[PDB]
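Raw contents of data-v3.pdb, PDB, C-alpha atoms:
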```pdb
ATOM      1  CA  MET T 490     -40.591  40.865  59.968
ATOM      2  CA  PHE T 491     -41.684  37.189  60.259
ATOM      3  CA  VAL T 492     -43.937  36.441  57.333
ATOM      4  CA  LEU T 493     -43.099  38.385  54.068
ATOM      5  CA  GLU T 494     -39.472  37.175  53.795
ATOM      6  CA  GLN T 495     -40.849  33.669  54.170
ATOM      7  CA  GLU T 496     -43.542  34.136  51.464
ATOM      8  CA  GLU T 497     -40.666  34.290  49.043
ATOM      9  CA  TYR T 498     -38.674  31.569  51.003
ATOM     10  CA  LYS T 499     -41.467  28.982  50.661
ATOM     11  CA  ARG T 500     -41.526  29.674  46.922
ATOM     12  CA  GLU T 501     -37.735  29.471  46.355
ATOM     13  CA  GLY T 502     -37.696  25.779  47.201
ATOM     14  CA  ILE T 503     -34.810  25.932  49.652
ATOM     15  CA  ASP T 504     -34.430  23.686  52.716
ATOM     16  CA  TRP T 505     -36.146  25.861  55.156
ATOM     17  CA  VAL T 506     -38.738  24.676  57.630
ATOM     18  CA  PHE T 507     -41.198  27.560  58.129
ATOM     19  CA  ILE T 508     -41.142  29.517  61.380
ATOM     20  CA  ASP T 509     -44.428  30.518  62.881
ATOM     21  CA  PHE T 510     -44.257  32.950  65.736
ATOM     22  CA  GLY T 511     -47.997  33.079  66.670
ATOM     23  CA  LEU T 512     -48.451  36.847  66.408
ATOM     24  CA  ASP T 513     -51.571  37.625  64.411
ATOM     25  CA  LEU T 514     -54.126  40.443  64.537
ATOM     26  CA  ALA T 515     -56.069  40.093  61.211
ATOM     27  CA  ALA T 516     -59.575  39.400  62.611
ATOM     28  CA  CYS T 517     -60.503  42.990  63.504
ATOM     29  CA  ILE T 518     -59.801  45.033  60.345
ATOM     30  CA  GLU T 519     -62.915  44.114  58.376
ATOM     31  CA  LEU T 520     -65.974  42.049  59.381
ATOM     32  CA  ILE T 521     -66.075  38.273  58.898
ATOM     33  CA  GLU T 522     -69.817  37.976  58.126
ATOM     34  CA  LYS T 523     -70.487  40.876  55.731
ATOM     35  CA  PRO T 524     -67.776  43.267  54.373
ATOM     36  CA  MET T 525     -67.657  46.583  56.254
ATOM     37  CA  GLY T 526     -70.943  45.955  58.066
ATOM     38  CA  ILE T 527     -71.298  48.984  60.355
ATOM     39  CA  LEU T 528     -70.361  51.520  57.664
ATOM     40  CA  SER T 529     -73.030  50.357  55.200
ATOM     41  CA  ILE T 530     -75.852  50.461  57.809
ATOM     42  CA  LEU T 531     -74.555  53.850  58.970
ATOM     43  CA  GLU T 532     -74.597  55.249  55.425
ATOM     44  CA  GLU T 533     -77.825  53.890  53.921
ATOM     45  CA  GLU T 534     -79.983  54.670  56.968
ATOM     46  CA  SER T 535     -79.129  58.406  57.446
ATOM     47  CA  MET T 536     -81.557  59.700  54.806
ATOM     48  CA  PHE T 537     -84.454  57.925  56.561
ATOM     49  CA  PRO T 538     -86.183  60.832  58.419
TER      50      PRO T 538
ATOM     51  CA  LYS V 343     -14.913  46.788  16.132
ATOM     52  CA  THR V 344     -15.395  44.936  19.421
ATOM     53  CA  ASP V 345     -18.214  47.313  20.423
ATOM     54  CA  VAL V 346     -20.650  46.697  17.578
ATOM     55  CA  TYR V 347     -20.083  42.922  18.030
ATOM     56  CA  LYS V 348     -20.525  43.287  21.838
ATOM     57  CA  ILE V 349     -23.986  44.849  21.408
ATOM     58  CA  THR V 350     -24.901  42.527  18.494
ATOM     59  CA  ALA V 351     -24.171  39.124  20.137
ATOM     60  CA  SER V 352     -26.192  39.505  23.406
ATOM     61  CA  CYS V 353     -29.282  38.856  21.278
ATOM     62  CA  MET V 354     -28.020  35.263  20.989
ATOM     63  CA  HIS V 355     -27.202  35.218  24.700
ATOM     64  CA  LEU V 356     -30.561  36.361  26.039
ATOM     65  CA  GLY V 357     -32.783  33.397  25.142
ATOM     66  CA  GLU V 358     -30.825  31.138  27.508
ATOM     67  CA  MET V 359     -32.622  32.603  30.552
ATOM     68  CA  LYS V 360     -34.603  29.548  31.638
ATOM     69  CA  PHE V 361     -37.508  30.512  33.910
ATOM     70  CA  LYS V 362     -39.016  27.519  35.771
ATOM     71  CA  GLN V 363     -42.437  26.878  37.367
ATOM     72  CA  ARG V 364     -42.359  27.180  41.153
ATOM     73  CA  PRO V 365     -46.168  26.970  41.690
ATOM     74  CA  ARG V 366     -46.766  28.826  44.967
ATOM     75  CA  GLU V 367     -47.883  32.013  43.205
ATOM     76  CA  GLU V 368     -46.366  31.401  39.702
ATOM     77  CA  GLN V 369     -43.777  34.217  40.105
ATOM     78  CA  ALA V 370     -40.783  32.539  38.490
ATOM     79  CA  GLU V 371     -37.226  33.617  38.867
ATOM     80  CA  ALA V 372     -34.909  32.013  36.297
ATOM     81  CA  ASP V 373     -32.555  29.142  37.037
ATOM     82  CA  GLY V 374     -29.057  30.514  36.883
ATOM     83  CA  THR V 375     -27.025  33.625  36.061
ATOM     84  CA  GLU V 376     -24.540  32.870  33.270
ATOM     85  CA  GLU V 377     -27.259  33.201  30.675
ATOM     86  CA  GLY V 378     -27.889  36.862  31.567
ATOM     87  CA  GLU V 379     -24.332  37.647  32.621
ATOM     88  CA  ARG V 380     -23.047  37.057  29.102
ATOM     89  CA  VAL V 381     -25.665  39.629  28.245
ATOM     90  CA  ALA V 382     -24.763  41.998  31.125
ATOM     91  CA  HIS V 383     -20.963  42.223  30.640
ATOM     92  CA  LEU V 384     -21.133  42.928  26.890
ATOM     93  CA  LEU V 385     -23.331  45.908  27.800
ATOM     94  CA  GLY V 386     -21.852  47.081  31.155
ATOM     95  CA  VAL V 387     -25.274  47.668  32.725
ATOM     96  CA  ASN V 388     -25.525  47.390  36.568
ATOM     97  CA  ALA V 389     -25.385  43.632  37.106
ATOM     98  CA  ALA V 390     -27.568  43.864  40.208
ATOM     99  CA  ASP V 391     -29.947  46.240  38.412
TER     100      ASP V 391
END
```
Written as structure tokens, how would this file's structure read?
Amino acid sequence: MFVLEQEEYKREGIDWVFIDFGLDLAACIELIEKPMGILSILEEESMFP
Amino acid sequence: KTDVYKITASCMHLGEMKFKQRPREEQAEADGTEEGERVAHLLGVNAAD
């Protein structure tokens, strides 16, 4: 609703100053340091008696 | 008479469609309409399609 429309706008080359609205939630979906993290430890360890 | 010429001549018309580099992604859309309109009309295909 704020970004995708603009991802084409910025490419069109129309006089349009971008509008940020400061609503982001990306930094929780996957881990910054190592992809997945928890899942890989969880999987590989289980066989260990 | 007009119909065979209508389908035949769009094959001149089509190479006018001048795509341009808008390097934010490289997905170009082509700079105009007339180029592909003189194709579209001679066919009667949905102009928006």
Given a cut-off of 8 Å, which residues of chain T touch chain V, counting all atoms listed in the file, written out as a ChimeraX atom specification? /T:499-502
Residues of the last selection are to be written out with C-alpha atoms, as a compact mmCIF listing (two decimals), in the frame of the given file.
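Result went into again-v2.txt, see below:
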```
# COMPACT_ATOMS: atom_id res chain seq x y z
CA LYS T 499 -41.47 28.98 50.66
CA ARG T 500 -41.53 29.67 46.92
CA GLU T 501 -37.74 29.47 46.36
CA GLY T 502 -37.70 25.78 47.20
```
In Å, with one decimal, what is the gap from CA of residue 352 in chain V to CA of residue 386 in chain V?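 CA of residue 386 in chain V lies 11.7 Å from CA of residue 352 in chain V.
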Return as a ChimeraX atom specification the set of residues that the PyMOL selection byres ((chain V and resi 358) around 9) yields on the displayed structure. /V:354-357,359-360,376-378
So that I can see what lies close to range 511-517 of chain T, please list as number ranges by chain the residues with an atom at most 12 Å from it, counting only C-alpha atoms and leaving out residues fewer than 3 positions away in the same chain. T: 490-492, 508, 520-522, 524-525
What does the distance between CA of residue 391 in chain V and CA of residue 372 in chain V come to in Å, to one decimal place? 15.2 Å
To box range 348-367 of chain V, take all atoms listed in the file, fit an axis-aligned box, add 5 Å on each side, and give centre and edge lengths in Å to one decimal, as AutoDock Vina command-line options.
```
--center_x -34.2 --center_y 35.9 --center_z 31.7 --size_x 37.4 --size_y 28.0 --size_z 36.5
```
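Reported to one decimal place, the separation of CA of residue 387 in chain V from CA of residue 373 in chain V is 20.4 Å.
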Selection result for the PyMOL selection byres ((chain V and resi 384) around 9) on this file, as a PDB file with C-alpha atoms, in the coordinates of the input:
```
ATOM      1  CA  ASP V 345     -18.214  47.313  20.423  1.00  0.00           C
ATOM      2  CA  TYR V 347     -20.083  42.922  18.030  1.00  0.00           C
ATOM      3  CA  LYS V 348     -20.525  43.287  21.838  1.00  0.00           C
ATOM      4  CA  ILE V 349     -23.986  44.849  21.408  1.00  0.00           C
ATOM      5  CA  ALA V 351     -24.171  39.124  20.137  1.00  0.00           C
ATOM      6  CA  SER V 352     -26.192  39.505  23.406  1.00  0.00           C
ATOM      7  CA  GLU V 379     -24.332  37.647  32.621  1.00  0.00           C
ATOM      8  CA  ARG V 380     -23.047  37.057  29.102  1.00  0.00           C
ATOM      9  CA  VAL V 381     -25.665  39.629  28.245  1.00  0.00           C
ATOM     10  CA  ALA V 382     -24.763  41.998  31.125  1.00  0.00           C
ATOM     11  CA  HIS V 383     -20.963  42.223  30.640  1.00  0.00           C
ATOM     12  CA  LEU V 385     -23.331  45.908  27.800  1.00  0.00           C
ATOM     13  CA  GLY V 386     -21.852  47.081  31.155  1.00  0.00           C
ATOM     14  CA  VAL V 387     -25.274  47.668  32.725  1.00  0.00           C
TER      15      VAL V 387
END
```
Take chain V from the block and save it with C-alpha atoms, as a short mmCIF file (atom, residue, chain, number, x, y, z; two decimals), in the first residue's frame.
```
data_model
loop_
_atom_site.label_atom_id
_atom_site.label_comp_id
_atom_site.auth_asym_id
_atom_site.auth_seq_id
_atom_site.Cartn_x
_atom_site.Cartn_y
_atom_site.Cartn_z
CA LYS V 343 -8.89 -7.11 -49.86
CA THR V 344 -8.40 -4.74 -46.93
CA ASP V 345 -8.13 -7.68 -44.51
CA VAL V 346 -5.11 -9.46 -45.97
CA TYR V 347 -3.33 -6.06 -46.21
CA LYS V 348 -4.40 -5.21 -42.61
CA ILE V 349 -2.72 -8.36 -41.25
CA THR V 350 0.27 -8.05 -43.64
CA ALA V 351 1.33 -4.44 -42.87
CA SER V 352 1.56 -4.60 -39.02
CA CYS V 353 4.86 -6.44 -39.55
CA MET V 354 6.24 -3.09 -40.75
CA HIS V 355 4.54 -1.31 -37.85
CA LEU V 356 5.87 -3.44 -35.01
CA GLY V 357 9.58 -2.59 -35.09
CA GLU V 358 8.82 1.03 -34.13
CA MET V 359 8.30 0.05 -30.47
CA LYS V 360 11.28 1.81 -28.91
CA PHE V 361 12.10 0.38 -25.48
CA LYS V 362 14.47 2.61 -23.45
CA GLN V 363 16.86 1.92 -20.54
CA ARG V 364 15.46 3.08 -17.20
CA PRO V 365 18.19 1.48 -15.00
CA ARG V 366 16.48 0.90 -11.64
CA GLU V 367 15.87 -2.80 -12.36
CA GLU V 368 16.22 -2.79 -16.21
CA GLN V 369 12.48 -3.52 -16.75
CA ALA V 370 11.83 -1.25 -19.72
CA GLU V 371 8.47 -0.14 -20.91
CA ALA V 372 8.56 1.39 -24.41
CA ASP V 373 8.39 5.10 -25.13
CA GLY V 374 5.06 5.76 -26.73
CA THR V 375 1.92 4.08 -28.07
CA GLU V 376 1.43 4.95 -31.75
CA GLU V 377 3.99 2.37 -32.76
CA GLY V 378 1.93 -0.50 -31.31
CA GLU V 379 -1.46 1.09 -31.93
CA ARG V 380 -0.96 0.95 -35.68
CA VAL V 381 -0.38 -2.70 -34.97
CA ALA V 382 -3.37 -3.07 -32.60
CA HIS V 383 -6.12 -1.47 -34.75
CA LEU V 384 -5.29 -3.44 -37.91
CA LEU V 385 -5.80 -6.57 -35.80
CA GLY V 386 -8.62 -5.54 -33.39
CA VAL V 387 -6.98 -7.19 -30.38
CA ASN V 388 -7.80 -5.73 -26.90
CA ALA V 389 -5.75 -2.53 -26.87
CA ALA V 390 -5.26 -2.72 -23.11
CA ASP V 391 -4.45 -6.44 -23.36
#
```
